[PDB]
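Residue strings, one per chain:
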Amino acid sequence: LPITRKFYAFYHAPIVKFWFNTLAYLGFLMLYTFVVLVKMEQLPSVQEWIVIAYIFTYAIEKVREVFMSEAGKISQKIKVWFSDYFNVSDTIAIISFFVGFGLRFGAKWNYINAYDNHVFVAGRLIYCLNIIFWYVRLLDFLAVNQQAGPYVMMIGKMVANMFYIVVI
Amino acid sequence: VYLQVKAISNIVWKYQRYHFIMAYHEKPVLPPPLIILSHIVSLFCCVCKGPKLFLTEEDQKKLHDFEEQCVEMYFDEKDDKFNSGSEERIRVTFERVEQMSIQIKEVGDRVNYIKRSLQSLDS
Amino acid sequence: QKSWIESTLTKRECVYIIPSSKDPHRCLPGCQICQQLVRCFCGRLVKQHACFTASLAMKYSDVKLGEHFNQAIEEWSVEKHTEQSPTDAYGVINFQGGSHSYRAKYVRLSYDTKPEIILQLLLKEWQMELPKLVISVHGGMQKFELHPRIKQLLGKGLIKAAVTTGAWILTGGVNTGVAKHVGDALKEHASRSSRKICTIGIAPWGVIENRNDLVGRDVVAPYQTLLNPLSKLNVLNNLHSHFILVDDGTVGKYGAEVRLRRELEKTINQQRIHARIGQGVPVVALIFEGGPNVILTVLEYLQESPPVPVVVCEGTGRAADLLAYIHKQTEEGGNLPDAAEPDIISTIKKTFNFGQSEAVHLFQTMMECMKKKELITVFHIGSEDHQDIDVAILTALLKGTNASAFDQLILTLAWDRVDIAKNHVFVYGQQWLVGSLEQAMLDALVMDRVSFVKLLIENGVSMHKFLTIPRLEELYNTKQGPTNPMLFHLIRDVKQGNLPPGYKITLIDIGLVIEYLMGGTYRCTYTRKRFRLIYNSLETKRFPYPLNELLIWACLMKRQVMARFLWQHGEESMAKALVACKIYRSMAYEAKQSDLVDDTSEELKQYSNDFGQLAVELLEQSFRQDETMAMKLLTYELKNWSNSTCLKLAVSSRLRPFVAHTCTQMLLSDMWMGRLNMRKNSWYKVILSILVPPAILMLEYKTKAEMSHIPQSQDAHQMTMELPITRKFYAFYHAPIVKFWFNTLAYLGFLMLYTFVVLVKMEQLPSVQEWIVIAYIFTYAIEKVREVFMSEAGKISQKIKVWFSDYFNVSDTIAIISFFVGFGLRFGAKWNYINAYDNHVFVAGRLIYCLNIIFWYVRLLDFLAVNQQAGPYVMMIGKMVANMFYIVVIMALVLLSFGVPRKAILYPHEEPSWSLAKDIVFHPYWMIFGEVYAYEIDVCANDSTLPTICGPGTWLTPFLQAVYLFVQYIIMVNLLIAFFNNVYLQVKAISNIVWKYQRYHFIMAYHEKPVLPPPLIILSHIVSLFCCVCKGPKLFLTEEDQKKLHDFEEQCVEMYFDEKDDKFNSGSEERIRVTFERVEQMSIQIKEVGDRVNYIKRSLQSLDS
Ligand SMILES: CCCCCCCC/C=C/CCCCCCCC(=O)O[C@@H](COC(=O)CCCCCCCCCCCCCCC)COP(=O)([O-])OCC[N+](C)(C)C
Ligand SMILES: CCCCCCCC/C=C/CCCCCCCC(=O)O[C@@H](COC(=O)CCCCCCCCCCCCCCC)COP(=O)([O-])OCC[N+](C)(C)C
Ligand SMILES: CCCCCCCC/C=C/CCCCCCCC(=O)O[C@@H](COC(=O)CCCCCCCCCCCCCCC)COP(=O)([O-])OCC[N+](C)(C)C
Ligand SMILES: CCCCCCCC/C=C/CCCCCCCC(=O)O[C@@H](COC(=O)CCCCCCCCCCCCCCC)COP(=O)([O-])OCC[N+](C)(C)C
Ligand SMILES: CCCCCCCC/C=C\CCCCCCCC(=O)O[C@@H](COC(=O)CCCCCCCCCCCCCCC)COP(=O)([O-])OCC[N+](C)(C)C
Ligand SMILES: CCCCCCCC/C=C\CCCCCCCC(=O)O[C@@H](COC(=O)CCCCCCCCCCCCCCC)COP(=O)([O-])OCC[N+](C)(C)C
Ligand SMILES: CCCCCCCC/C=C\CCCCCCCC(=O)O[C@@H](COC(=O)CCCCCCCCCCCCCCC)COP(=O)([O-])OCC[N+](C)(C)C
Ligand SMILES: CCCCCCCC/C=C\CCCCCCCC(=O)O[C@@H](COC(=O)CCCCCCCCCCCCCCC)COP(=O)([O-])OCC[N+](C)(C)C
Ligand SMILES: CCCCCCCC/C=C\CCCCCCCC(=O)O[C@@H](COC(=O)CCCCCCCCCCCCCCC)COP(=O)([O-])OCC[N+](C)(C)C
Ligand SMILES: CCCCCCCC/C=C\CCCCCCCC(=O)O[C@@H](COC(=O)CCCCCCCCCCCCCCC)COP(=O)([O-])OCC[N+](C)(C)C
Ligand SMILES: CCCCCCCC/C=C\CCCCCCCC(=O)O[C@@H](COC(=O)CCCCCCCCCCCCCCC)COP(=O)([O-])OCC[N+](C)(C)C
Ligand SMILES: CCCCCCCC/C=C\CCCCCCCC(=O)O[C@@H](COC(=O)CCCCCCCCCCCCCCC)COP(=O)([O-])OCC[N+](C)(C)C
């Protein structure tokens, strides 16, 4: 096994792509947690820019996966991908984020004290609610473990089954 | 409901592991901030131009034979599991005791008519 | 050519074109028909020759102008006038038939191929296992059918004989005779022997339906199996697996097999049946339902040098029923009865239409056959003769061939047929040489022939005399049996990491492997002085207990069925089972730590647990007979197994069912007591007596007899000879139960003081209470160092590694280290400020104390774990923490998913700070524990306690909190309840076993712990140390008690096997099947009597008139 072949073997292994995406995702959440918890100025901070870059490119990556799936028919490719819980949530997460960035970034500051401008506030509050989607997607990463993964599947099944007791 | 839900959830977890692992064979190397290079580059290189199992012909031979051998074992172990159960041995025993119970009596009649011999033969 | 066949084996195409016999058929002009009808004496019409050389002979007129001096028309020879050229067909035919293709093979070799090339063709080119037998069936062709009795049986034996012996069945192959009956017998026993019987049809390339469909270089020709009507031609019988078609001559002529097939019958015999064995491969012949050239062939095989014996199954047809009676009218090897010309040659004239023109010629062939009837076995059907011919075929090779019984035995050994040898070789009056049965034992062990080892031990081989050093050396070094590749991997890891070229293994190296596997201080007999000296010098060269040495052999060679057998022989059965468990367990470990391919770590871990269960089951058997003698079995020194005990061996293998067995637990409880009868006493009189020493003199102690089953110290067993006053104090303070409460009271008094110290204000100098606390922990710490550096295993790095495997020793280590950091800061701190807590070094010291004390309250769970009820629950708590981990990880994520939005919405004007980390986790955690923070939920309400937080978006946080608590309480808390409810019983069960198991190490520890507890323990350290400069528990048994105990062990092992045979033979499943089989047998005899009684009816007719 020559030297350069060994790098190929490493970076193209699925286990490596996972931790390589998992570390990037954790670093993504640390920054996006920093952004929502720290005061927000007119222009996005370096942390907020990196967050936007992730979600934009993460979104293109999902469009790649849909339009290259298996079955030729788009209306079948679409219909299967929106059968997974976390792809529905990711779709809501991506769409809601850019509504938020649009309001946050497109808002004109007539008032010097932020939070006088409601369009800005609606943007920031979308961020603070959009981040819930991204912490819950960590359950998808955690679902790679043989012990954890079934319990994640159980939680959704038990919510469905307990519905009528909760209605009462 | 814990045990039945846990059991169904293990099967579903194990099943959805196919689609998850297969996905990471077509995902780019680079992660989603730096993934754009793997998008731009890969796209551009395509304009400049799934996983398969590869088997030698001898390996195809030995694999097709392996499949045939194991199907044969599968039917043999069923016939020998059914023919060796107690329920099947009771009924073949039942039917064979039914048959004998005729022949036992039938011999019983013949031997009772070889008694007719004893009378005629001795005088 | 890319093929050995294409470059070696040949065709025989008739280049020379002899016109047919002489005469044209019809059709007056003789130029069209002299070409067209007139075939070759080759045997085909003229244009089929296609002679690459003489293709233009037919266009002219033909090869070889007509007249040619009639003599020279027979001058055509298969030898001369036939161009040897490539094969042109060798491949894989199939047979669309009884639910399988039933594939096969053909080479289509010429005819005059050398005899060796077949053997090379059969073994490497076709990849066939060399057989242990060759059945060469013969007979006539195109017969209808047999009696439905005989038909079913002939197969049943023919199959059985061939499958049990890896035999080849040589047939003609063509489905018009002998082959038919072979094949029809195969399908009645197919998919049971379809991979052990390699039948071979050595048929010609003449008489066959589609010769041209068989053609094709390396083809998969889909050959038919439909009887092509309107013809006489024959088909290859489908149920054969190999064919050697013989290209010669033509269609119709079928005589070119005797030259080749016979040579194969001669060349297989010159092969050696096995490596360890020197006898040649046998050849047998089963003639059923034969003809005139068979009777020639029978005598041609008997007259041969050496003779090939013959079987004759009477009633199949003419030659069988004939010979069966024609070699019945004779002396044993001599002359015929009163002149037999009339009746013998009568049937020879009736069966074969002769009329004395060929009726003497057969009778002359008969009278030569009867010169050797000892080789003509005959299967007397009707009178259950030799039971389903397999005996009759195989015993024919063991009937008279002046072969010694040593050769009759090896042949059964290679066949793996014990029933044959015991019933036909170990017959009354049989006589043996001195080491013939020894050489047969060496072979059976090297070949893993377990059932022949039994036959030879019974019949009188003695392992005490058989087994020697050089023999036992060989048994390790043989590559002539089911070896273990991993043994070398363990040898080269103990030698130096290297190996010489071949390296014939030595027994000192085996001794070194066992010590590595058995571990600890195990020292093997093979690494001892006397063995190391005598082996250098290589009764002295025997072994006193040879089946201990072969059990080790069989277990290191991964020969389990031989190990189980050898285990049942000899003495010390429970110990041997526990040694085997440890050997396999350690082998399984190093297999799990080697990059080899066949991991064999579940095969070895399963073999370990098989012997593990045997030891447990023998203990239960012994315990059911006599508890007190069974407890002695756990602790008597073995002296053939490094002076260990059965209990220590089980602990070595981490064998919990043995240690957690109630017998072992009963013994541990008795050792806990010491000399104290804690049935007549109460725990509060012990505590009272630790505080009131003179109350020691009014407890109920135990007699030396009541202590007979209990191991003791040497000093403790000498004070058993009598109970004076001072001996009674010894018995009290050295009992483990007393040392416990004596340390437990001191520990509780230690915590009361250390609780006092942390709760009461702290001055510059430590108080009297704090000094006593420091003294305890210092001396408690030395006590732990004593325990580590005096444990068991010599190697510090193993002593260290085991001690830090216990939860509470890790915590004690952290506790001791953290304490003296705290005392150092507390005591070493200089007070620059008069008000304490201005000096931070002092504070850090005191706060370490206040946190270090948590370790010491939790160590009380270790004391509490001495109770049978409490102790399992303590073990459960740790197991449930491990198992609940991922449910709690999910809860932690739900917490953050709420905490981060809450803080962000409510506190939007924050700068970076570590308080942010607190605030996202703090309130969400306390919500889990019944605190909803009711007046902070809606911060804009009138009753809000956070009115200044009221601002834009804050109306979202009640919705978030409502979702959060639904998920945590309604889902996640109750999932955890459901988790614990459903795993409780299996965790409680595992925790009871672990509690019971760790009770060994706990009770054993208190036999080596000092009497005095950890503040006053220093005296027992200083004194004991100093007294050593001035200079384990064993069971002691008298010689008579050793006798009665060794007999007890033997008795209970015998009961153990008897109760198994009688439990299996008395189950309903076993009685149904023996009933099944006996009803199957009767159902034949009932009908058989039914036929006889129906033929005693034939009497009634004839007798009465
Ligand atoms: C398969 C599933 C995954 C993929 C799904 C992907 C597509 C999903 C959908 C995505 C679109 C979501 C909506 C976008 C925003 C519109 C709403 C809005 O309020 O806009 C505002 C910003 O208007 C602007 O023009 C500034 C924003 C710049 C563009 C950023 C958003 C688009 C990027 C898309 C990136 C994703 C693309 C991914 C790759 C192609 C307008 O309001 P305003 O003018 O600020 O306020 C006026 C009042 N004032 C007086 C106070 C100023
Ligand atoms: C198998 C497991 C169990 C066994 C494990 C056993 C070994 C485990 C390890 C044990 C060692 C743990 C660390 C010791 C303390 C060092 C740290 C420290 O801060 O020290 C301080 C005290 O420095 C002194 O010199 C005064 C302390 C006297 C010695 C007491 C500790 C050693 C005893 C060991 C007894 C155990 C031995 C057991 C028997 C051999 C230094 O700080 P300061 O000078 O005070 O402050 C300076 C600032 N000022 C200006 C404010 C003044
Ligand atoms: C069964 C019983 C329930 C019946 C339901 C009927 C729903 C009817 C809907 C009514 C909404 C209108 C009521 C408020 C009037 C508007 C202005 C106002 O006062 O806003 C108030 C907040 O509230 C909001 O700003 C918006 C609240 C929207 C969510 C309401 C629940 C929607 C349904 C369920 C959603 C879940 C998902 C549903 C689907 C599954 C202002 O309050 P404040 O915080 O004190 O702010 C003032 C102080 N400040 C200026 C400093 C900020
Ligand atoms: C998927 C299931 C859906 C469940 C149903 C839908 C959800 C429930 C729907 C509720 C109706 C919506 C209420 C609108 C009220 C507006 C009034 C206002 O001024 O602002 C209020 C809204 O702002 C808040 O922050 C309070 C929102 C209510 C949270 C309810 C959580 C409990 C969930 C229950 C779930 C169980 C449901 C039971 C079954 C139906 C806050 O008032 P304030 O800050 O004090 O403002 C000052 C006013 N003052 C001056 C008078 C003090
Ligand atoms: C997409 C994938 C990303 C992957 C990560 C790698 C790339 C990104 C890495 C680093 C980018 C850092 C940019 C710094 C910009 C300089 C100025 C600055 O912010 O100074 C700050 C110093 O910095 C901090 O306080 C750190 C803030 C980021 C926290 C998360 C980093 C760790 C995770 C990622 C790394 C470990 C990975 C962990 C996972 C294993 C000081 O605070 P402030 O912000 O100036 O204050 C703003 C106040 N205001 C707004 C009110 C005015
Ligand atoms: C510069 C930075 C330097 C540091 C970088 C590195 C830092 C560390 C990085 C990452 C943290 C994890 C490290 C531990 C991994 C253990 C190994 C393992 O077995 O993993 C498993 C986990 O597989 C997963 O997919 C786990 C997903 C992790 C992310 C989820 C976090 C949840 C947080 C929510 C809670 C809130 C907590 C928030 C705390 C604030 C994979 O193995 P398996 O598939 O299960 O194997 C089973 C099959 N077998 C039996 C055949 C083997
Ligand atoms: C800020 C607040 C805190 C943050 C929230 C914490 C994070 C969120 C927590 C947990 C999320 C768990 C992730 C889902 C796991 C996978 C499930 C899945 O694959 O499908 C499941 C569907 O799923 C459902 O029916 C619902 C899934 C749970 C939704 C819970 C939402 C939270 C609020 C709810 C309460 C609101 C009411 C209270 C309001 C007063 C499958 O279920 P099934 O149909 O039986 O099985 C078929 C599966 N199959 C198709 C694959 C074969
Ligand atoms: C290592 C093994 C140890 C074993 C124990 C035996 C040896 C140890 C036994 C006794 C030592 C007592 C020393 C007394 C010193 C005189 C001064 C004094 O302290 O007066 C106190 C009176 O005394 C108390 O208040 C008792 C304090 C100790 C409580 C624990 C004793 C019971 C446990 C053990 C015995 C039962 C065993 C229980 C288990 C079955 C008054 O208070 P002060 O303390 O003066 O106030 C300090 C205030 N200042 C600091 C702010 C200035
Ligand atoms: C394995 C061994 C590891 C530990 C080794 C030993 C470590 C030794 C550690 C430290 C020695 C420190 C010596 C002094 C250093 C200079 C500072 C000084 O003297 O004074 C300063 C001390 O201020 C502090 O904050 C001191 C904190 C140090 C204690 C840390 C304990 C760590 C042990 C963790 C547990 C480990 C457990 C390990 C086992 C698991 C200030 O004091 P002052 O003059 O009063 O100032 C007044 C200021 N004022 C105006 C605000 C009022
Ligand atoms: C001067 C002083 C005078 C007084 C001195 C004397 C005072 C009293 C001294 C001590 C208190 C205990 C006395 C009761 C003993 C009962 C007898 C018994 O059976 O014990 C068992 C307990 O075995 C142990 O190992 C128990 C450990 C006790 C310490 C744990 C305390 C937990 C405190 C934490 C909670 C906080 C409470 C804190 C309270 C503030 C041993 O028996 P066994 O092994 O289970 O037998 C089973 C096998 N069999 C069936 C064959 C039999
Ligand atoms: C001041 C505070 C209060 C005081 C605390 C109260 C006292 C502390 C309480 C209980 C301690 C119980 C003692 C251990 C019992 C024995 C267990 C054992 O032997 O091994 C167990 C291992 O153990 C573990 O994996 C962890 C053990 C429990 C640690 C709990 C720490 C407390 C905090 C945690 C929560 C923090 C998170 C929350 C933070 C927000 C065995 O488990 P296993 O691997 O399945 O089995 C193999 C066993 N075998 C090897 C022998 C075969
Ligand atoms: C997805 C649906 C689309 C969204 C619309 C429909 C949603 C329902 C209803 C409508 C939305 C709420 C409208 C009413 C409030 C407006 C008035 C207002 O100013 O309120 C507040 C700000 O509020 C905001 O700035 C709005 C933020 C909206 C975030 C998105 C809601 C979540 C939808 C998820 C739905 C999922 C349901 C659950 C899942 C089944 C108060 O501001 P203020 O105090 O007046 O400002 C003065 C500040 N100053 C004093 C500093 C100057």
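Residues numbered from 1 in each chain as written, not as in the entry; some residues may be left out. Chains lettered and ligands numbered in written order. Part of a larger assembly, values for the part shown. Heavy atoms only, no water.

cryo-EM is the method the PDB entry lists for this structure, together with a resolution of 2.19 Å.

Chain B appears in the PDB entry as Transient receptor potential cation channel subfamily M member 7 from Mus musculus.

With the PDB entry as reference, chain A is termed Transient receptor potential cation channel subfamily M member 7, source organism Mus musculus.

Considering the site of ligand 7
Taken together, 17 residues surround ligand 7, and among them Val152(A), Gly156(A), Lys157(A), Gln16(B) and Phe966(C) come closest. Nearby residues place ligand 7 at the junction of chains A, B and C. For ligand 7, an oxygen atom lies 3.0 Å from a polar atom in the side chain of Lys157(A). Elements supplying a minimum of two residues to the shell around ligand 7: α6 (118-136) and α8 (148-161) of chain A, α1 (2-26) of chain B together with α41 (885-906) and α44 (957-1008) of chain C. (Near = heavy atom within 4 Å. Polar contact = N/O pair within 3.5 Å; in protein donor to acceptor, adjacent residues only side chain to side chain. Helix = DSSP H or I, 4+ residues; strand = E, 2+ residues; numbered from the N terminus.)

Some remarks on the pairing of strand β9 (residues 376-379) of chain C
All names here are of chain C. With burial as the criterion, each face of β9 is covered, one bearing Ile 376 and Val 378 and the other bearing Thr 377 and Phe 379. As judged from the four bridges shared by strand β8 (residues 310-313) and β9, these two strands associate in the parallel manner. Paired with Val 312 across the bridge in β9 is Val 378. (Buried < 20%, exposed > 50% of the residue type's maximum accessible area, 1.4 Å probe, protein only. Pairing = 2+ DSSP bridges.)

Quick look at the site of ligand 5
Close contacts around ligand 5 come from 14 residues, with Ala24(A), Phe34(A), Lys39(A), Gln47(A) and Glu911(C) the closest. Residues close to ligand 5 are split across chains A, B and C. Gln47(A) places a polar side-chain atom, nitrogen or oxygen, 2.5 Å from an oxygen atom of ligand 5. Residue assignment for the shell around ligand 5 shows that the elements contributing at least two residues are α2 (14-37) and α3 (46-66) of chain A. It is α2(A) that provides the largest number of residues to the shell around ligand 5, a total of six residues. Residue classes in the shell around ligand 5 are distributed as ten nonpolar, two polar and two charged. (Nonpolar A, V, L, I, M, F, W, Y, C, P; charged D, E, K, R; others polar.)

Considering the packing of helix α23 (residues 546-556) of chain C against helix α24 (residues 560-567) of chain C
When two helices pack together, their arrangement is given by the angle between the helix axes and the distance between those axes. Residue and element names in this part refer to chain C. The N-to-C vectors of α23 and α24 enclose an angle of 160 degrees; their axes lie 8 Å apart at closest approach. Considering the angle they form, α23 stands roughly antiparallel to α24. As for the relative orientation of α23 and α24, their crossing is left-handed in sense. Each of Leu 547, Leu 550, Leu 551, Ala 554 and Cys 555 in α23 lies in contact with α24, whose residues at this interface are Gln 560, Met 562, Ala 563, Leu 566 and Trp 567. Tallied by class, residues from the contact of α23 with α24 come to nine nonpolar, one polar and no charged. (Axes fitted to C-alpha atoms, helices over the stretch in contact; angles between N-to-C directions. Parallel < 35°, antiparallel > 145°, perpendicular 65-115°, else oblique. Left-handed = near helix turned anticlockwise from the far one by under 90°. Contact = heavy atoms within 4.5 Å.)

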